[PDB]
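As structure tokens, the next two blocks hold two forms of the same chain, structure 1 and structure 2.
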Structure 1
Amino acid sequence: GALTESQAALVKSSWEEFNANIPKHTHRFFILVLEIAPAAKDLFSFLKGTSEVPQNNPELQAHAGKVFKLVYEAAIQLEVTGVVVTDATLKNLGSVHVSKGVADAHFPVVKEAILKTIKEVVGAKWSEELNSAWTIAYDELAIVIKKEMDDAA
């Protein structure tokens, strides 16, 4: 709906805070994914076969860091331009996700795990506005990735 300039500023603030402790917060993110949907474990190469979510895995860390940064960058582009631009990068993400057996109905899983991660990251700074902002950003980004999935047969 929104992303006013103060909504964008909040996504940016919260993303910085997230990024201040990548080892902690990415690990936390993957724990929350599996609590929502244990079956999702099998899609991720760095998880498959583990007992617990690894705490010092650079593949896990770079993957989840990239996820959060793309949603934040989507937030700023919606706020500045009024859209999410479909580029070659998101086109490539559409093909990638179809290849790894990701489907439209998986996207709400990663959404809730992002909202809960950010909630834990900001602590007492959490607000309704913050939550709405990451929700819009995620949804608009997901629309474009799903279109390219649908498109990337």
Structure 2
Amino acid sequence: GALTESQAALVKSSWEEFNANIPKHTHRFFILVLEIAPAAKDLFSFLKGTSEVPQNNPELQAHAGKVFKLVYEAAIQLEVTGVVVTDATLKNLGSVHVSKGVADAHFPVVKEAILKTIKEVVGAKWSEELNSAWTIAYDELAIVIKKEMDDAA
């Protein structure tokens, strides 16, 4: 696919639709995560000691929303420029993931949870052309964070 002017216009459009409801899309996102792998729960300070995923936890919201923002920006940056660029932030991201005890085999958990989440968010507009475009953008961004973890470990 590469990222045509038309495929990029499709991810933008679809991220806008996600941000449009953070407390919902974020709590959805944590549940799809815990469906795909329940053990993951002891990772999160705000989920530990709990029984269910808190639904108005500020810490939870603020953190999951940052995740999706970062995938979208990665997709424009691929249509424009042709690539995803590794900055200070991505590098600190990788430190924190290591302290919390996160590994690589964790990443398809969070990708499926995200493709599924965007499938749910765009509904009938969904096209092959679009799945292809978020897949490209997540894969290309994961490639970069993993890189930074490995580096913090």
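In this text, the rigid core denotes the largest set of C-alpha atoms whose superposition between the two forms falls within 1.5 Å. When a residue number appears, read it as a position in the sequence of structure 1, where counting begins at 1.
K.L.:
Is residue 89 one of the residues whose Cα moves 2 Å or more between structures 1 and 2, with the core superposed?
P.N.:
It does not, since the residue 89 C-alpha is displaced less than 2 Å between structures 1 and 2 after the core fit.
K.L.:
Once the core is aligned, what is the C-alpha displacement of residue 57 between structures 1 and 2? Give it in Å to one decimal.
P.N.:
On core superposition, this C-alpha lies 2.1 Å from its counterpart.
K.L.:
Once the two forms are fitted on their rigid core, how many angstrom does the CA of residue 124 move between structures 1 and 2?
P.N.:
Spelling it out: core superposed, C-alpha of residue 124 shifted, distance 1.1 Å.
K.L.:
Upon rigid core superposition, what is the positional shift of the Cα of residue 142 between structures 1 and 2, expressed in Å to one decimal?
P.N.:
Residue shift at the C-alpha: 0.6 Å.
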